[PDB]
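Okay, so here's the structure we're looking at.
Note that each Cβ is placed from the backbone with ideal geometry, even for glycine, and that neighbours are counted across all protein chains shown. All of this is worked out from the model, or read from it or from the source named; no laboratory instrument gave them.
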Amino acid sequence: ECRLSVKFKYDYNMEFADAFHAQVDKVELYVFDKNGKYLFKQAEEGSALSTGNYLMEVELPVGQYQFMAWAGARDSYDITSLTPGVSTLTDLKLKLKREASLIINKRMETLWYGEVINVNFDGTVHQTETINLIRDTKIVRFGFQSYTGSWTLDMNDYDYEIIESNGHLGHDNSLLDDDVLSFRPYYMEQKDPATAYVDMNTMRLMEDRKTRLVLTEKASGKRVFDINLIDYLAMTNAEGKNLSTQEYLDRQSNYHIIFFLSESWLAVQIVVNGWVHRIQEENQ
């Protein structure tokens, strides 16, 4: 007669505060048993989640379970379909959809990973479990300007890519083996050459990856800029906070980076969300 409820939170962000009700409009809870065998999933989405008091009511027999979730997953992603009593956690995988070209140029609906929890429900009390959500999709606005302003960098001369094989996530949120994808702008603006920017997005930024930002000249097809974005972000100060690289990468999901370049396409300095950082030539 007692009921088991699930609370979802999204406080693992740079505001260190829960933004679930404000940002997450779909949760899908996966339930596995004592043995790690899949039992079912349960999806809810829409206005219910926005109240500030959303709880998911989960009908479950007395017993021990593991829960995890994916939140926000809609048309951009294929999540494997599991068979009750047959499949286990390691069967659950999420893959960003791509065509043969391996180019992604759409803005994906924001994706959150719900960490795995052990749940022991004996039916004697009303109980609420909490799912903790980690943002996996990362939005970046890039600007490119002359450091001395002695030449005008024109942003429509080039193509822009973020290159990584981060499009296949396991049940533990780890990057599975996958093809390397080319993430390219979903929006570009050069109204004021000083205003000018491209908006891009990618999947998880990992401290142990070497995710690349690559610019290619339309005219020649020559690559003019090729940097390790993870490394450029690691060199920074996590926006003044006391964070490990991975924690900053997980917590922050909007990155507005201006590159101030030499005439020879060397980054002299970058500005990441307002923070100025000199790039040491040896680490360019």
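For the stretch 112-134, does any single residue satisfy the condition of being surrounded by 13 or more Cβ atoms within 10 Å (Cβ to Cβ), farther than 30 Å from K37 by Cα and aliphatic (A, V, I, L, M)? Reasoning before the result, please.
Going through the stretch 112-134, the residues surrounded by 13 or more Cβ atoms within 10 Å (Cβ to Cβ) turn out to be 112-117, 119, 121, 123, 127, 129-134.
So of that shortlist, the ones also farther than 30 Å from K37 by Cα come out as none.
Within the stretch 112-134, not a single residue is surrounded by 13 or more Cβ atoms within 10 Å (Cβ to Cβ), farther than 30 Å from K37 by Cα and aliphatic (A, V, I, L, M).
Among what's in the stretch 226-284 and is of a type in the set (F, W, Y) and free of Cβ contacts under 8 Å to residues at least 40 places away in the same chain, pick the residue that is nearest to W112 (Cα to Cα). Even if it seems obvious, please write down each step before you answer.
Of the residues in the stretch 226-284, the ones of a type in the set (F, W, Y) are 232, 248, 255, 259-260, 265, 275.
Restricting the remaining residues to those that are free of Cβ contacts under 8 Å to residues at least 40 places away in the same chain gives 248, 275.
On the way: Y248: 16, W275: 27 Å.
Here the residue is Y248.
Which residue is surrounded by the fewest Cβ atoms within 10 Å (Cβ to Cβ), if the candidates are limited to the stretch 68-105 and must be in a loop (DSSP other than H, G, I, E, B) and hydrophobic (A, V, I, L, M, F, W, C)?
By that ranking, first place goes to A100.
Keeping to the stretch 147-167, report how many residues are closer than 17 Å to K97 by Cβ and surrounded by fewer than 18 Cβ atoms within 10 Å (Cβ to Cβ).
Qualifying residue count, the stretch 147-167: 1.
Would the stretch 21-41 turn up any residue that is without any contact (Cβ under 8 Å) to a residue 40 or more places away in the chain and on the phi > 0 side of the Ramachandran plot?
No.
Check every one of the strands (runs of 3 or more DSSP E) wholly within the stretch 166-263 and list those with 1 or more residues that are more than 15 Å from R141 (Cβ to Cβ) and in the same structural domain as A69 (by CATH).
Numbers: elements: 168-170, 181-183, 187-189, 197-202, 212-217, 223-228, 254-261.
Ranges flagged: 168-170, 181-183.
Would you pick out the residues in the stretch 43-67 that are assigned to a loop (DSSP other than H, G, I, E, B) and of a type in the set (G, A, S)? Reasoning before the result, please.
Within the stretch 43-67, the first condition is being assigned to a loop (DSSP other than H, G, I, E, B), and the residues that meet it are 46, 51-55, 59-62.
Once the filter is applied, which keeps residues that are assigned to a loop (DSSP other than H, G, I, E, B) and of a type in the set (G, A, S), the stretch 43-67 yields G46, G52.
Can you spot a residue in the stretch 199-218 that is surrounded by fewer than 14 Cβ atoms within 10 Å (Cβ to Cβ) and of a type in the set (K, R)?
yes
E109 is checked against (1) closer than 24 Å to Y38 by Cα; (2) under 14 Å from the mean Cα position of the chain (by Cα); (3) surrounded by fewer than 20 Cβ atoms within 10 Å (Cβ to Cβ); (4) acidic (D, E) and fails just one. What number does that condition carry?
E109 satisfies all of (1) closer than 24 Å to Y38 by Cα; (2) under 14 Å from the mean Cα position of the chain (by Cα); (3) surrounded by fewer than 20 Cβ atoms within 10 Å (Cβ to Cβ); (4) acidic (D, E) except (1).
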